[PDB]
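Following: one structure in structure tokens, then a few remarks.
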Amino acid sequence: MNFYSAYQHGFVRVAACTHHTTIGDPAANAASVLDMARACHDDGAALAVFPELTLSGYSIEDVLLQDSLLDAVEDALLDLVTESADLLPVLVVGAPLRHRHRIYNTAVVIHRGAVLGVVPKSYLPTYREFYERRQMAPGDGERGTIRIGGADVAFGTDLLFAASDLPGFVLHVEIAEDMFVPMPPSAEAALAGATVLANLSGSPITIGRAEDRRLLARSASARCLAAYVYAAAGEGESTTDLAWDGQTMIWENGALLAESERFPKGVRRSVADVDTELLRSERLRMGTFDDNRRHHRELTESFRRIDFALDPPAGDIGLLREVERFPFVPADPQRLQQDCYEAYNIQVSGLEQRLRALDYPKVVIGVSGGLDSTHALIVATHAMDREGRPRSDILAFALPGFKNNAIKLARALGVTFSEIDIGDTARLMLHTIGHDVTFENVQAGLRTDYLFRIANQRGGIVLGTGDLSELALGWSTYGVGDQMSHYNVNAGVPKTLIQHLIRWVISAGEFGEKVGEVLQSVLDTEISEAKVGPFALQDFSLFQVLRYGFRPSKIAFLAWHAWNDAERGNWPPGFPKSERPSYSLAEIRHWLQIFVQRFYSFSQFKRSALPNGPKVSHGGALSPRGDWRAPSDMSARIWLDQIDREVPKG
Amino acid sequence: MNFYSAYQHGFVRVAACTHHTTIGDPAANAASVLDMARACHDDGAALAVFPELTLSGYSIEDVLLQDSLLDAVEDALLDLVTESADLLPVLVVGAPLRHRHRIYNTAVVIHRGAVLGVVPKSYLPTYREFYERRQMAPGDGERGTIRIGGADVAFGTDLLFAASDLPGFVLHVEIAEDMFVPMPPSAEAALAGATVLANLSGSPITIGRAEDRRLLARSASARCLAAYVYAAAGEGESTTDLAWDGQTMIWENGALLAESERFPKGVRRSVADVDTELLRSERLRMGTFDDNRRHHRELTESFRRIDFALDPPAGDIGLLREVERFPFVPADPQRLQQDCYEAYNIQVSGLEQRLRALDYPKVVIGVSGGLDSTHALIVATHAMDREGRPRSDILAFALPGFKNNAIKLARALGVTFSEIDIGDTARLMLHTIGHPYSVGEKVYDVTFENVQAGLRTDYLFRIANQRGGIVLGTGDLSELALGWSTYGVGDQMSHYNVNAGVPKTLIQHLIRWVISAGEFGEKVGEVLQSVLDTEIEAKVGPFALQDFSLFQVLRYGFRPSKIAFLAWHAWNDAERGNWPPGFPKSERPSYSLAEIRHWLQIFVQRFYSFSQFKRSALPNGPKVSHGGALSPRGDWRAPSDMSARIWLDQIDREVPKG
Amino acid sequence: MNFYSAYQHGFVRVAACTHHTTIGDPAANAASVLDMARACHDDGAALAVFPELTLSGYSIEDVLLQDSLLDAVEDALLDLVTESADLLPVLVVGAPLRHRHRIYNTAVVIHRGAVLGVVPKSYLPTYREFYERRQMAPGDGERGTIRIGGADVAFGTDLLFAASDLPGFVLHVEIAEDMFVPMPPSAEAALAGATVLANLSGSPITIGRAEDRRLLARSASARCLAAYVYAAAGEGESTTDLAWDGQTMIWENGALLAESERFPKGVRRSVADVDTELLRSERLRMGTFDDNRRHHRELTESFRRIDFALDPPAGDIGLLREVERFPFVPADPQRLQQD
Ligand SMILES: Nc1ncnc2c1ncn2[C@@H]1O[C@H](COP(=O)(O)OP(=O)(O)OC[C@H]2O[C@@H]([n+]3cccc(C(=O)O)c3)[C@H](O)[C@@H]2O)[C@@H](O)[C@H]1O
Ligand SMILES: Nc1ncnc2c1ncn2[C@@H]1O[C@H](COP(=O)(O)OP(=O)(O)OC[C@H]2O[C@@H]([n+]3cccc(C(=O)O)c3)[C@H](O)[C@@H]2O)[C@@H](O)[C@H]1O
Ligand SMILES: Nc1ncnc2c1ncn2[C@@H]1O[C@H](COP(=O)(O)O)[C@@H](O)[C@H]1O
Ligand SMILES: Nc1ncnc2c1ncn2[C@@H]1O[C@H](COP(=O)(O)O)[C@@H](O)[C@H]1O
């Protein structure tokens, strides 16, 4: 396998194009269309979508009904079809075409010298600035074939274009208004199998209309778990009554992959790599999507499937796609602030309920001066405040065995602080056992043991502080040890997020300037990754595994694109340059071997008996009662073997 | 509410009746039917099912086609209907009735002076000793109405008789052969709602046929999550070519509630209380049952529902049902022997897999001399033997704080044994914590108890790390139920729990079974027997009572007053019902309502509110009982932060003080 | 004619196999499947039924949704298909397979180098210890085809596999829970023609469950006048929350032909000679069975019949069947006392 090929990792390269319109001149439009398709071809694109009525112009009104115009459109269309014999992508081009009694507003799907199909617009707006039913017939409910340059090709609203060599790529096409009605053709098509939904638009621009386009193309792509590929008309359409902004865009399950300049000078393309495996993984897990199909079975079973062989380029063509280094940490500051606000209020409100339900017990917690326990102590405090409970009901413990930040934060917040040296107890235990992991574990164990007994003694509960990345990797001490508690507030927060939560608490500043300074000190001081690898890379793989179940080679491909060059892509706030590492393939490959071994084989038993705590990230959590049911007794051989066979050594 | 009324606890009393046949003489058969129905009424029955072609006799062949016979049947049927005005139960009576062109083999459903409906047999056997298509027409596909004594009443294979005051009682009726075809009318009727399936049979007896009847009525009742009420013809049928055994029976979800004497002299009845709530609870939970209905929706939606008001007796009429004292421990020795063999092989095979998967680590376990840990050590040994591992890889520990059976069993099995006294460590820990006892105070609270339980687990765990072993849990299912364990750092935690799915009441019989089988040898046998004798904490109540409630809650979700009723019927008299093997008379307690009520308050509080958090973070171990287990990854998903108020209030309002 | 050949007297030799499960490792499971299939071949068996989700392991939960796992299953399944080119028996193997939007819990029917069909479980328990709807889609009402290693093969709950040279052998396949609902797929298939009903089961063992299996597989075989061939998962399934007893069994019109050791150490097979003429003879005489089909004609006419040529061994291969000397006098004393 070619590891650097996007097509070999399930990507499909898609283009929404806005061409130069020459109204009433099909050969001119076709020439503009041919030039942009040759570009999409050079880019290795599999699909190029053009605007509504591309070949005539959308704005020409009663001129659509002129024989010479209709005739010119057919001739021009046929020329394009001929030219497509040497073009890689499927081209989806608008044309007014005659069929039976009328003309239809159609998209012609063209590929490698043939027309695969012809799709008529279903819903023809005849209100406000739109007059479409005057010239054109509704296509909803039309099936059968249409004759195009001596051949009968499939015609109708029930068509699916499936790549026989790219099973993840199933195209449905609809037109402009089709997307705006309470039950759009594209939503039935997704249920029936379509993964990529194209829209050819005219869409005269009005104040606020671009927002409406986005709202509907975006929600479509989220509701239908699909890529949505959208092209509107631009320069050249008539301005007798309307203006045109040429907007093009590509959405994937709710996220914007690419858009182009509004009101441009000259032609514009959006080009993106769509991840068919992402779409496939979401559909795999959301059972209710398939239930919805089954409830509408007669609607969804009636589609006709037109097969074609794409034969994509096999080499390196790069990756036209923003892959963030931190799935859990948005690079966009306004987004990351939102995430932090939500994470924090999840941890707090979850603890508050547990405390209300237990009639407000004291809160016992071991504070070491580290990031996790520090953050947990802040969570605990806010929870107690919110519930009108004295901060002295928090019992914080230093438990040194064989920092000041700890006692300072505690003092600054005004919780009850105390120290208990576990060394002598550990010595006694080591001796009694006749005594590495055991040495380490005897101390970790006695910490938990003490807290638990103090909790019994003082009418408290022990607060866990292990974080999501530690659960993922089994980096914790099971049972009698830090893995155990009465309630875990960090269980759902990945390590890479924790530092930004603390930053957010500081920046918000409701704990006061002292607390602020201590927390800032914790940060400066604190920033294991020796033996389990850098947490940036493990949190990366964790997301891919937990959200999508992607195979290891696909994970390596994504990580390498995100991390391999520190200069490319954006970093979140809070990364000075001395701390913007870049990773080689060899490194990514190494830590990924370690990740699959620890995640799939070693660590599950530790997750299996997990204390309570709230789920936090949309990426998922690792509760055996929630997002992650798995065997405690399984080997990781197949994952290790996949890496061995598919990921180059470096 | 009347706590002693079976009807108020969701029971329906049902009768399968075999009457005296007088072939060719409807008024005589009717008179036998009326006499048994008056009995079934006196018993407070809600339903009385009779045999196929009751009113004419099943065996009369072409005489069925004689007008005087057909006429006599109608007159006799109409007399019954009139008499039923003063009878409590719905009567289901067989009759050849004329409809359109032919006679149908039918069941007439009669209630309080009206005919509620008429059901024709669907499949008429015309092979071997059966000739039914010669005289009678197939009823499959017939709908509409039939005229009976001046009234149009529902006729067809699509009928459901629903009690308007007893929602759990929905009756469907089929006939004889109907139950034997690959897709029987009653299976569709169950999907559509029927909870009680009646079968009128003729069923000439042949060698082996009684077994076939049972196999099909039983599997029916299990697949359809229903009661199945079956009545065959007996004395009086013609013996020109056949004989008749009069068999009657009542099945409920796979279990036999009642059967009557085969080949009797005189009439016979089976009468049982059917638990509609048990049926309701199983349908509530088995989602795929409802999925099956949805898949056959056009079949299942077309049923016609005929409503009637039963108005059952409200007082104490007893409880015609065998309620076992020990849901987890069958009183039948052959049954209990089976259950033990299975429980034991479940425990062992589960541990073996964990051991194989961990490449055969040592097994660490704390042995106290008690029932649980003893049994666990036995389990562990057998697992190691089966995997061909040396018994010395089992590391057993005595861990005295502040027995010999323990060291003896260890020595007898040949596992590695050792002692570690946790006293000093506990002393140090109590002092470090500032607990009054480290200063001499005789304060033996939860912290004092817990410091010791904790250190036990803590030691085992560190030994496991040190010696490349895993810690075996030994807490049992009843302890998980009640939260009777020490959470987290304490006996609740381990690497693998073999007893997690076995209730306390079962454990002692598992040990007995291991002794009785005797493959560990006579020494081990003697030590185990000593553990039993020695070992046979009621702040949580008698485990017999809590295991009882646990089964009701975990399997059916029954309300507390229903549980009290059941437990009182099972436990209140030590002379009635059977005890399992191994209960000398000095140990056959009987409980009062007041007692049952007391321990039940404690059960609901502990089960639904206090203990879930301890179940929530549970080690791995195999499910054992069909009653269910308590793994939050398996049979029991529940909140760790809920109150038990409604349960406690239900007891307060519904269960008498004594 | 060869008087000593069981195949010439209307017998079909059938095997229910419980293999060594390696959870999450399809090439290992396929290797255990291939070894047992070679044995069934050497025995002259015409059919070998394996347990539910054979190729992945039944007990792996969310691991089923992992691309590497789904991928490994496909590669392993295609290796088996290739190996089957030299194997006599039809192989019925379990596999989680992707189709349309989801994965289905399926049985793949394999024969002489081809996949004859792919059958999805219809009813997916999601109660008590079972969580199937979480990972897998219900197969009831699915028809059409599925693409398996470059070919379109029949997919759905409506399939019959008929031996073109052994008219009495018509196979229907269902899965686990399918057999436990009031109106099971297998009862409509019998009405439609199936004489041999296979069941691939996971079936974690609980106290009393073995009795439930028997009651339902036995009553199914008696009600449907059929052979019922049943295989449950054993050693190697996860014991995170459940245990497994590896039970296999073969029923014929209400009678047990063969069963294997519960909780065995190592792999186990039941192997029996099913008498297709016996089944044929009972259906010939019990007219109400055909009446029942006619009453459900639209249900029963819709099945698709996939034809294959078995070409069984023609020589003496003995007779794996208890033939009592006295049809009228049972050799079992408890039974004879009853009679
Ligand atoms: N599948 C399975 N099912 C049941 N038991 C299983 C098991 N696999 C191992 N076991 C048993 O469980 C035990 C091993 O697990 P465990 O007791 O946790 O010990 P283990 O994971 O081997 O070691 C804990 C490690 O976590 C690291 N740690 C922990 C806590 C904090 C920090 C820090 O950053 O400061 C680091 C530390 O480096 C240490 O190396 C052994 O008894 C083993 O036999
Ligand atoms: N809902 C909830 N979520 C999270 N945490 C919760 C909680 N409710 C209490 N807690 C906390 O849990 C702790 C109380 O539970 P836990 O630590 O287990 O202790 P707890 O159940 O209060 O006491 C143990 C009891 O079990 C009996 N016991 C123990 C061990 C063995 C045996 C035997 O002989 O078989 C009997 C013993 O006599 C004692 O009465 C407290 O620290 C409390 O604040
Ligand atoms: N020296 C220490 N004193 C008190 N608590 C500690 C100390 N070291 C670690 N902990 C606590 O032990 C848990 C796990 O930390 P660690 O083992 O350092 O990753 C957290 O709750 C820490 O606060
Ligand atoms: N004296 C003891 N020696 C060894 N193990 C014990 C001892 N006491 C308790 N245990 C362990 O703790 C479990 C719970 O019993 P207990 O803690 O005594 O309530 C037992 O089943 C043993 O596994």
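The figures that follow rest on heavy atoms only: side chains count, while hydrogens, waters and symmetry mates do not. Letters go in sequence order (proteins before strands), and every chain restarts at 1. In listed order, ligands and their atoms are each counted from 1.
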Legend entry - Full working for side-chain contact (heavy atoms from CB on, under 4.5 Å) between B:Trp599 and B:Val540: CA-CA 7 Å; B:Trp599 295 125; B:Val540 299; over 6 Å; no

Legend entry - Close approach, B:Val367 and ligand 4, non-hydrogen under 4.0 angstrom: yes

Legend entry - Protein non-hydrogen atom below 4.0 angstrom of atom 10 (N) of ligand 4 present: yes

Inset, instruction - Flag atom 16 (P) of ligand 4 as yes if some protein heavy-atom distance to it falls below 4.0 Å, otherwise no. - result: no

Inset, instruction - May I ask you to identify the nearest protein heavy atom to atom 6 (C) of ligand 4, giving residue, atom name and distance to one decimal place in Å? - result: B:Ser368 CB, 3.6 Å

Inset, instruction - Enter the distance from A:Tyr360:OH to A:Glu352:CD here, rounded to the nearest 0.5 Å. - result: 8.5 Å

Legend entry - A:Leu463 CG to A:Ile365 CD1 distance, which is reported to the nearest 0.5 Å: 5.0 Å

Inset, instruction - Kindly indicate whether the side chain of A:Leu395, heavy atoms from C-beta on, has any atom under 4.5 Å from the side chain of A:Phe397. - result: yes

Legend entry - Nearest-neighbour protein heavy atom for atom 22 (C) of ligand 4, which is reported as residue plus atom name and distance: B:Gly366 O, 3.4 Å

Inset, instruction - In plain terms, say whether B:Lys504 and B:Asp372 are close enough for a salt bridge, that is, a side-chain N and a carboxylate O under 4.0 Å apart. - result: yes

Legend entry - Atoms of ligand 4, numbered as shown, that sit under 4.0 Å from any heavy atom of B:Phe397: 4 (C)

Inset, instruction - Can you measure from CG (A:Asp633) to CD1 (C:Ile60) and round to the nearest 0.5 angstrom? - result: 11.0 Å

Inset, instruction - Test B:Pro361 against every option in B:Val363, B:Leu358, B:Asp359 by the side chain to side chain contact (heavy atoms under 4.5 Å, CB included) rule and name the one that passes. - result: B:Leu358

Legend entry - Atom indices of ligand 4, in the order listed, that fall short of 4.0 Å to a heavy atom of B:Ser373: 21 (O)

Legend entry - Distance in Å, A:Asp449 CG paired with B:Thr457 OG1, rounded so as to fall on 0.5 Å steps: 8.5 Å

Inset, instruction - Considering only non-hydrogen protein atoms, determine which one is nearest to atom 1 (N) of ligand 4 and report residue, atom name and distance to 0.1 Å. - result: B:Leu399 O, 3.6 Å

Legend entry - Ligand-residue contact atoms, ligand 1 with A:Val437, heavy atoms, under 4.0 Å: 22 (O), 23 (O)

Inset, instruction - Before accepting this row, confirm whether a basic side-chain N of the pair C:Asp241/B:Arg633 lies closer than 4.0 Å to the acidic partner's carboxylate O. - result: yes

May I have every N or O pair linking ligand 2 to the protein at under 3.5 Å, one per line with atom names and distance?
residue: ligand 2; atom: 1 (N); partner: B:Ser640; partner atom: O; Å: 3.3
residue: ligand 2; atom: 3 (N); partner: A:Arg354; partner atom: NH1; Å: 2.9
residue: ligand 2; atom: 12 (O); partner: A:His486; partner atom: NE2; Å: 3.1
residue: ligand 2; atom: 17 (O); partner: A:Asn456; partner atom: ND2; Å: 3.4
residue: ligand 2; atom: 18 (O); partner: B:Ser485; partner atom: O; Å: 3.3
residue: ligand 2; atom: 18 (O); partner: B:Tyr487; partner atom: N; Å: 2.6
residue: ligand 2; atom: 18 (O); partner: B:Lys614; partner atom: NZ; Å: 3.0
residue: ligand 2; atom: 19 (O); partner: B:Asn450; partner atom: ND2; Å: 3.3
residue: ligand 2; atom: 21 (O); partner: B:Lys614; partner atom: NZ; Å: 2.6
residue: ligand 2; atom: 38 (O); partner: B:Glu449; partner atom: OE1; Å: 2.8
residue: ligand 2; atom: 42 (O); partner: A:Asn456; partner atom: ND2; Å: 3.4
residue: ligand 2; atom: 42 (O); partner: A:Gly460; partner atom: O; Å: 3.4
residue: ligand 2; atom: 44 (O); partner: A:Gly460; partner atom: O; Å: 2.6

Please list every donor-acceptor pair under 3.5 Å in which a side-chain atom of residues 487-494 of chain B meets a protein atom from a residue at least two apart or in another chain.
residue: B:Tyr487; atom: OH; partner: A:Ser485; partner atom: O; Å: 2.8
residue: B:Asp491; atom: OD1; partner: B:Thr486; partner atom: N; Å: 2.9
residue: B:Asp491; atom: OD2; partner: B:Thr486; partner atom: OG1; Å: 3.4
residue: B:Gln492; atom: OE1; partner: B:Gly488; partner atom: N; Å: 3.1
residue: B:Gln492; atom: NE2; partner: B:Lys614; partner atom: O; Å: 3.0
residue: B:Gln492; atom: NE2; partner: B:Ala617; partner atom: O; Å: 2.8
residue: B:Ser494; atom: OG; partner: B:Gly473; partner atom: N; Å: 3.4
residue: B:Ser494; atom: OG; partner: B:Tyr496; partner atom: N; Å: 3.4

Legend entry - Shortest protein contact, atom 14 (C) of ligand 4 (heavy atom only): B:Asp491 CB, 4.2 Å

Inset, instruction - Hey, can you tell me if B:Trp636 and B:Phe607 have their rings parallel, tilted or perpendicular (30° and 60° cut-offs)? - result: tilted

Inset, instruction - Look at the rings of B:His435 and B:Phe448 and say which category their plane angle falls in: under 30° parallel, 30 to 60° tilted, over 60° perpendicular. - result: parallel

Inset, instruction - Would you mind checking which non-hydrogen protein atom is closest to atom 20 (C) of ligand 4, with the distance to 0.1 Å? - result: B:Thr474 OG1, 4.1 Å

Legend entry - Nearest non-hydrogen protein atom, atom 18 (O) of ligand 4: B:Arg456 NH1, 4.6 Å

